[PDB]
Protein chains: 4
Amino acid sequence: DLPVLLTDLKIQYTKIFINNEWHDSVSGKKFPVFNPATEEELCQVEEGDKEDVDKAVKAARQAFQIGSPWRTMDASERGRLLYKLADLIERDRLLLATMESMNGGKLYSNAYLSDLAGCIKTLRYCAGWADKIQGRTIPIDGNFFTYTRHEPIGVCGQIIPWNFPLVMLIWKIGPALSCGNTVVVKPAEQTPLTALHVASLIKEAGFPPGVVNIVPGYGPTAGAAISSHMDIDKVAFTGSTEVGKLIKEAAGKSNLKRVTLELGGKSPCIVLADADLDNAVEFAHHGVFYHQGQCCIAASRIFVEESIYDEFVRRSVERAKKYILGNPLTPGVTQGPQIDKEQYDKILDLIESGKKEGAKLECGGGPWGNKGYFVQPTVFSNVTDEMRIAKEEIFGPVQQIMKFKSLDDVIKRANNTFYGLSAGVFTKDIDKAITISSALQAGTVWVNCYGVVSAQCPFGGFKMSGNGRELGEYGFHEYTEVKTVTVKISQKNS
Amino acid sequence: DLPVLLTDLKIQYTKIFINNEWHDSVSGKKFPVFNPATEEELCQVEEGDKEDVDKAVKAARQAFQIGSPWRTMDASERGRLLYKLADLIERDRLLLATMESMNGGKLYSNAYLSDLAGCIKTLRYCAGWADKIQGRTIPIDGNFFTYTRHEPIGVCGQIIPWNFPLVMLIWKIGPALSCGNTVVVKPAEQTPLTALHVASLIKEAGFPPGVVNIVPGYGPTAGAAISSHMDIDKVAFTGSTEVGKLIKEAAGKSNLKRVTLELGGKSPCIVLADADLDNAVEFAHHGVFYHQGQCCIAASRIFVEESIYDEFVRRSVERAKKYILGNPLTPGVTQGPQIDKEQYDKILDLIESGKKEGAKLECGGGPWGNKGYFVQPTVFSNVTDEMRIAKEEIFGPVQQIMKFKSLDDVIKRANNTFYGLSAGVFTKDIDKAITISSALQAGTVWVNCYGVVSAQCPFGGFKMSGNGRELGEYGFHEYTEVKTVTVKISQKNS
Amino acid sequence: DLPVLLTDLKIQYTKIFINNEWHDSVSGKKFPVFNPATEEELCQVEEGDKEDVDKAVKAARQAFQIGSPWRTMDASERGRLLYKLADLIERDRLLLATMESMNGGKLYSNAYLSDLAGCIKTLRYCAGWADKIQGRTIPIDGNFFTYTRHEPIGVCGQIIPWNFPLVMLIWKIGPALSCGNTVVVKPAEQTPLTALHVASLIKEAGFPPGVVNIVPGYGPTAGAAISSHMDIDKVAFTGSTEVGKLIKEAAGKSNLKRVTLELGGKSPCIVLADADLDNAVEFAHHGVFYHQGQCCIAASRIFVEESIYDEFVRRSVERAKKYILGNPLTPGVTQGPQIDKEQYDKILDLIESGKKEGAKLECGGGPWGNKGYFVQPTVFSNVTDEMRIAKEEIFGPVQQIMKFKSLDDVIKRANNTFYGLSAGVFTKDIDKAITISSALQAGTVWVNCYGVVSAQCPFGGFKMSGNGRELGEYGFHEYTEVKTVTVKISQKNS
Amino acid sequence: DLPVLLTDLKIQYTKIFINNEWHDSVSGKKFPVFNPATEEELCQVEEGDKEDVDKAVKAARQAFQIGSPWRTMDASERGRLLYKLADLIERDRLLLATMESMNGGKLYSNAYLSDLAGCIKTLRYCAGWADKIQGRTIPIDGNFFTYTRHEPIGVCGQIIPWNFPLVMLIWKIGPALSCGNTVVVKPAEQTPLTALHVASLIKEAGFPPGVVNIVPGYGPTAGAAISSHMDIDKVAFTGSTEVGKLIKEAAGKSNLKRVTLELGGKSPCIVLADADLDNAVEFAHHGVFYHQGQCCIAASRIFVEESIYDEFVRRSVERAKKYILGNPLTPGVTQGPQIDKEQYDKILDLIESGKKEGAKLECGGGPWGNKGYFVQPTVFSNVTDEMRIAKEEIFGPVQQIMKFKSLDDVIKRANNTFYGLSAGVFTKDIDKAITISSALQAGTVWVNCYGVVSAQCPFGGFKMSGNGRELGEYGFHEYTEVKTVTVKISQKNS
Ligand SMILES: NC(=O)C1=CN([C@@H]2O[C@H](COP(=O)(O)OP(=O)(O)OC[C@H]3O[C@@H](n4cnc5c(N)ncnc54)[C@H](O)[C@@H]3O)[C@@H](O)[C@H]2O)C=CC1
Ligand SMILES: [Cl-]
Ligand SMILES: [Cl-]
Ligand SMILES: [Cl-]
Ligand SMILES: [Cl-]
Ligand SMILES: [Cl-]
Ligand SMILES: [Cl-]
Ligand SMILES: [Cl-]
Ligand SMILES: [Cl-]
Ligand SMILES: [Cl-]
Ligand SMILES: [Cl-]
Ligand SMILES: [Cl-]
Ligand SMILES: [Cl-]
Ligand SMILES: [Cl-]
Ligand SMILES: [Cl-]
Ligand SMILES: [Cl-]
Ligand SMILES: [Cl-]
Ligand SMILES: [Cl-]
Ligand SMILES: [Cl-]
Ligand SMILES: [Cl-]
Ligand SMILES: [Cl-]
Ligand SMILES: [Yb+3]
Ligand SMILES: [Yb+3]
Ligand SMILES: [Yb+3]
Ligand SMILES: [Yb+3]
Ligand SMILES: [Yb+3]
Ligand SMILES: [Yb+3]
Ligand SMILES: [Yb+3]
Ligand SMILES: [Yb+3]
């Protein structure tokens, strides 16, 4: 039961989306969109720049004004709309999963069974919170009545990467809209198409115009205009550390807008001697190779206790030699290409660093094919902590395996990184599971599993892996602004 | 560092406490209080009855009126007072721990190091919640402003047992007072003395008069008047199942007052083959014998996997043969007497049932001494589920050990009881710890420990072990009444 | 836009619903169902009794067992099912609103626009909470890891009245199912039909069998079997004070099951001189007359400041003389009949008490028509606090108006009642709105409105109007059982 | 009852506080501290710079390591320590209030009755939250057990201004320490003395060494080292907008540390025709003049409805002509000096702008005295929105009064500012109170009062008045880092 589109994908939505209207770029400029598997242009899309961002902000601001339909409508009706949007995405699931695969280099079975399901589930999750966002009444000192309103912040700019275009769009807009904000979204330039399809469903669902505005285009242009905008109240971002820095600096220099960032990881696994070995090998393998390694949570440092290290490495190699590379639309294909040249170049450079720095190559180590940005799935053993491949996020299908004998020592090595997005602990010992997970400086710690992510759980980094949490009860906080209202009364009673 | 009173205990507070005044009984009647270790009368105390309860209710109601000092004072000042009460109990810790030991038959080192510390810590815990009890603001449908006040309920009657006189007093009054209620407390007739000492500290701390009223006396008289009172808003009770039934019936027949009950247990432990055996033997042993078995959470059914059953039983017997019986005030003494004749008679009867029903006696089985209600610490092995000693709460120093070989089967046996107060799981397997604890129908489940109780955790039964939770964030709910206030406005905004 | 059924209502579902199966009664007995507007039998329905209740409990218990589909399914999938049930009720909205009108004596426009909309909205609300019900992790003293699971309680029996058959069914099952409980519902004998239609939609939606069981029949028979059942964990009830007492007594005598009750009110309004007079007259009028006065929150004592009292009474009379009595299915009809003989007899008796006790009759005072249990809308002025019509819940179209001159005095009169379900305050003074609403002993206080009830707000009584809250964040608490899990660890860290 | 020090203040604590040790500066450099009332040096204090900050960070980091006393101690014991610190500050209240007055230019009666009381109350408030900071257990999709730990972040740098030296120290360290963080505090260079006294009490209370480190010194040196530190996890700051920008930029460039800022305001009051005029005049007057206008929440734009504008201005002038300037230690003195030259120069410049720009001078307008940075209390009427005195935070005793006739218009004018810290609404109309307060873009809105600030309420800005909230339940969030722990299990049950 993996259904496909029974007819070919026609691209339809290629324009800037503002006030539920399709707009050309102010400049009239357009930019190409490619398929990473063939390197062939799929279509051209309107190139948004500062002007267009200003128009989206004006629209978003107007939709947020006191008295507008989006401010005055029932919170439950905000939730009603998100739920309807989820039904619509469910309706065009074949279409959207195909678009995502073709534009994103993303295996179609994953796109359909995982990304699409996740979008749908996350929207329904966010829909449910709308009329459950609540302030407090507070027994303040003195004769006063004090309450708080957890209001929407206002206009939220949301800058989205290319690895999970749809999932990231929903993670950004679900919470924001549930809380009553308005949004200006900038998709990755590589991957605007699915966002614009969803924009058509936003209109069809009946969101008031200006509540969601989507401005495709480039980072230093559209992206920067957002980060430096004097009338955007908050910017949320997932992507590189470099750009994260640029965003915070821009925000600080302009209007001190709120910022929340999700950036790299170099997430470690710790595998103890008593671990279920096959379970640990399987989760860690998928933990690093998922979506061609193009995952913020990629399990890119795997520490295995010496007595099981050789066995662990052997079975990891076996598992990795089993992939089929090719077009992510063809059933049976189990590894697509990397998103683009730059990522491809970075991965190969880093692989080359691994060889030169004296890591042990178990398989892969080079590119594949005549077309597309394919990289062989690659495994390194005997990796040490000073190697580039141990320190830097690779974002490619490249796994690092490394041995330890001292538990104290491996916790410190696991934490000796400016990243801290997630980690994995594999053991049958209760005390070790609890104590190790407490001691890892990482936003999500999985025990005897890896890459388990759901709408009900907050997600975010420690340290330079970012700030703030997305999703879960806790994530909803980052899309509200608390206002305290305190009223003089003649006499208070408990 | 176990300090003692350097001079003999003089009893001073022997009267009914209402409106911060010491009152004689309306009847003029008094009743004896005894020391369970010597069977000798310590003093006489004013016998409260219906009349006196009516006076306490009138006082409590007046103190709760809108505009009174207790309703209008800052919530933080309610907390200030509880904290001061805790300082005072800390000041008279030697006095109070000695009184508790002498009146309660309670080992003095436990009284000092545990009961007193617990009272003090729980008061400070409850103090901290006072100005953190909060309502909500709610995004209701339509043009309205809606908030909730989590108000105190009103006059709470609180009926207290004899096993932990002081601890139970603090568990009842800490939460109730933090939430702004007023209370009418009825101590166990066996153990009024420590409650009345604390009453003097309530006055010294400066609680408004009528906020705490203490009416010593008997159950069918004072107790029943509370349960059937038409102006008491809530009754809380810890004690027997029988009386729990009487209370609920009385409440239903009178004014449908809120009721929360903590009643027996027949709490099971499940010890798996892989358990740390000594750890499990030690916690389970203390789990059943603590305070002469006079604990609601007594670990009175211990299921041990067959392959470690004989070993478990052997070491449990060793551990139990090591006690020293005698006066709980004398250092070195490690087991005091039972509270009174009735409890003593019940324990011996049940021991006799165990012998007649064909359980295996490993040690004890009879009374001890010429004076005091002492029972030898007693262990039974080969106990089956149909035996009285397997089914009924003993509330004496009597341990039941029982074997299993099928994990499915033992979970069902562990749950095949109308009680459900707590349980213990002993294992090194993570999955078993989590899955077993989920499947036990019990309010508290300890893993690789037992009898761990703290102010930060809610505590209460499943099934006929009672209803409601005490302590923790969650317990505070049972001492508030939610009022929804909904105000028409011209236009709402998110 | 008030659409109707374009074809006549065929009754189809007339049987006991257990394990998603339609069952005959064990006895083979059936009972008539009538239309209160014509006094004519609509159909016959299987009469459930103790036996049938036992079968529903066995089914509900089996569906709740550890490992069953309802325990193991994702919480979000529980929510998915409630949302689907809401879509289905939306699909059969014409059918269900017509059935409700014909069986319940309920105005069809209200049934369609209000009851049906409320059911649908409340289900969607409850759906949203399913995967947002959360426990805690707790910084307990000592080296332990402590968490809580907010588990479903288990088998919940739910006894439902006839005034809002559908709304009450949804209020009971929405929260219960969202929290993962299983239910045994007993509809009012007068009004089983809509519950059984919904049961067919429960099957169609795909709830696991045994999760919802509906047992139509009579109170002393089916109802009592529930209240006294040894394997039902909680009973929830809306109805009379008398039966509420019977339920609590039954629960206390049997297995100490949890009980939550919603019972009468004699809800007061206080209208100050500065009130918007027309607004206050309009809300108070609808507050008392809604659904032929057959509302728990009926505004059955209206206190008006002397200087505006005569004016208030005059305009209230005008408003009340405007009704059209008749069949609730016919457009234009603005007052249907009372549910049945007993209610009719009670209303007329109480009207007669009002005349004999010297209250002033402004209009009505007698029955209407040749068929159906119609009572003229009736207004009394100069009512005093000792009159039966001031003290007792009438549950008929009978309004009491009463004057005050002293604000202190009227708050005490408003509170001088064993009821406390709701109240209304009408004023333009901020301080008075806040202080008066704080001082009224009532679960919901409306300011400058009345009868505003939504899914986002908890709802329940003070005093003998019941215990517990339904709906809102807070109401969900009453459908969970908290279990504390505390695990020994070697060393804890903050 | 305003007691004083019965002997002269001896300055004792003048050094850098690290690991509970008093340190000289690495450079050996010291800097003068002055009394703003006399312009005379009080003493010299060790000048902390980058080196010293590095030492404090190393100490704070070590104290935060897994396994340290501050990580492993009971949460309730963290709370115990804060409560003890509060007792100690209460003990040295005369000393501390005098030091604060003499160093801060702060009226002694305010220092004693307000600042000191606030510190003490806020510490006790923060103490109470320690063991009530809780994570969640979460019904995630799939067979997993998921919980969250709300952990301390780590090393928090805290940069403090001179207007409320003590209050700001407690607002920063109370929450941070309650949540289990360690701190590096940099006092205002003008006002280090009271922070260092408190440091001695931190030692006396028994906080583990390295938990609180205080590094007096200058902003571009000590301050910047904090903001740019690669091992500080979070920086909190109260002060200028300029420095706020510098901090965020520094944080973004270095290690992307979390940042929370409280910056200026230009907080508006809106006074409607129906307002209680005297109440509004009194609160607004104190709202702007408190502590010589050196308050972030200064009510520096007062919009009054035309029909009451002249009256409002007249009575405001009367109230302002009543002050006595002089040394803040002398009883009867009702206005002290400004903190220093720079602030003095800024205030006078802005006053001069007001005159040149054509605002109407009602009183004041110039400096006062031969010594000290005194400015006459100054009132301007007929102020327009384009004037410097309407746009810029003055931070001096300078009040702006301004008329409106259109309610829509005044809400927009009130919001037409990049600030948004607080606002005041004065009216007897319920609907206006609620709707206006909702529509103002400000973190705290007072109704019929002003400057009401308590520990139980969160406090923070909208827009460029900052980000994050301090105090209240909500403020505690900004001092925790959420970690999600997700464990694979064989089968989950609800
Ligand atoms: N709070 C509310 O919404 C309601 C209040 N009432 C009050 O009660 C008065 C009498 O009306 P009734 O129809 O008699 O309400 P009731 O309390 O007699 O009936 C309501 C439900 O309770 C059940 N019941 C009856 N006897 C029972 C028993 N022995 N054990 C368990 N369940 C039993 C009924 O079958 C029905 O399902 C009304 O005049 C009104 O004042 C009645 C219905 C709803
Ligand atoms: Cl395996
Ligand atoms: Cl790039
Ligand atoms: Cl090519
Ligand atoms: Cl969380
Ligand atoms: Cl051991
Ligand atoms: Cl007894
Ligand atoms: Cl007895
Ligand atoms: Cl004897
Ligand atoms: Cl809890
Ligand atoms: Cl509750
Ligand atoms: Cl009107
Ligand atoms: Cl009846
Ligand atoms: Cl009846
Ligand atoms: Cl007839
Ligand atoms: Cl609530
Ligand atoms: Cl006044
Ligand atoms: Cl400066
Ligand atoms: Cl000079
Ligand atoms: Cl809040
Ligand atoms: Cl937050
Ligand atoms: Yb880039
Ligand atoms: Yb190529
Ligand atoms: Yb008894
Ligand atoms: Yb004897
Ligand atoms: Yb009845
Ligand atoms: Yb008739
Ligand atoms: Yb500066
Ligand atoms: Yb000078």
Side-chain angles (χ1 to χ4, degrees), chain B residues 66 121 136 138-142 144 146 148-149 151 233 241 244-249 251-253 255-256 258 261 263 279 411 418 433 437-439 442-449 452 454-460 462-464 466-467 469 472-474 477 481-488, chain C residues 66 121 136 138-142 144 146 148-149 151 233 241 244-249 251-253 255-256 258 261 263 279 411 418 433 437-439 442-449 452 454-460 462-464 466-467 469 472-474 477 481-488:
Chain B
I66 288 295
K121 278 168 183 266
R136 297 289 183 277
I138 300 181
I140 189 190
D141 283 3
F144 304 90
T146 288
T148 57
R149 289 158 52 77
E151 298 179 353
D233 300 294
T241 302
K245 293 180 116 171
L246 301 186
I247 302 251
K248 269 179 159 168
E249 194 166 11
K253 287 183 186 164
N255 72 336
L256 297 160
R258 291 94 176 96
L261 298 181
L263 308 176
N279 180 72
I411 291 169
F418 281 103
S437 56
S438 299
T444 303
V445 183
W446 294 285
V447 179
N448 293 334
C449 58
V452 185
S454 210
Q456 299 82 16
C457 318
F459 182 88
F462 277 40
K463 312 197 260 166
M464 304 193 65
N467 72 106
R469 294 295 173 265
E473 185 186 22
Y474 205 81
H477 297 323
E481 192 80 45
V482 183
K483 167 188 284 167
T484 296
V485 182
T486 291
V487 183
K488 175 192 148 59
Chain C
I66 288 295
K121 278 168 183 266
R136 297 289 183 277
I138 300 181
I140 189 190
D141 283 3
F144 304 90
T146 288
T148 57
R149 289 158 52 77
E151 298 179 353
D233 300 294
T241 302
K245 293 180 116 171
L246 301 186
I247 302 251
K248 269 179 159 168
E249 194 166 11
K253 287 183 186 164
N255 72 336
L256 297 160
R258 291 94 176 96
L261 298 181
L263 308 176
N279 180 72
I411 291 169
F418 281 103
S437 56
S438 299
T444 303
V445 183
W446 294 285
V447 179
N448 293 334
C449 58
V452 185
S454 210
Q456 299 82 16
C457 318
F459 182 88
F462 277 40
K463 312 197 260 166
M464 304 193 65
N467 72 106
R469 294 295 173 265
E473 185 186 22
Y474 205 81
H477 297 323
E481 192 80 45
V482 183
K483 167 188 284 167
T484 296
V485 182
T486 291
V487 183
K488 175 192 148 59

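Below, read A as the first sequence line, B as the second, and so on, with proteins coming before strands; counting in each chain starts at 1.
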How are the rings of B:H477 and C:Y474 set relative to one another: parallel (under 30°), tilted (30 to 60°) or perpendicular (over 60°)?
perpendicular
Distance check, rounded to the nearest 0.5 Å: C:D233 atom CG versus B:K463 atom NZ?
8.5 Å
Using side-chain heavy atoms (C-beta onward) and a distance below 4.5 Å, is C:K121 in contact with B:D141?
yes
How about B:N279 and C:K488: do any of their side-chain heavy atoms sit closer than 4.5 Å?
yes
Who wins among C:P458, C:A251, C:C449, C:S438 for the most heavy-atom pairs under 4.5 Å with chain B?
C:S438
At a 4.5 Å cut-off on heavy atoms, which part of B:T148 comes close to chain C: side chain, backbone, both, or neither?
side chain
Under 4.5 Å to a heavy atom of chain C? For B:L261 that would be side chain
Does the side chain of B:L256 come within less than 4.5 Å of C:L263's, by heavy atoms?
yes
Student check: side-chain heavy atoms of B:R469 and C:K483 closer than 4.5 Å:
no
Do you know which of B:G443, B:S454, B:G460 has the most heavy-atom pairs under 4.5 Å to chain C?
B:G443
Side-chain heavy atoms of C:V452 within contact of B:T146, under 4.5 Å:
no
Do B:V447 and C:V485 have side chains that get closer than 4.5 Å, going by heavy atoms?
yes
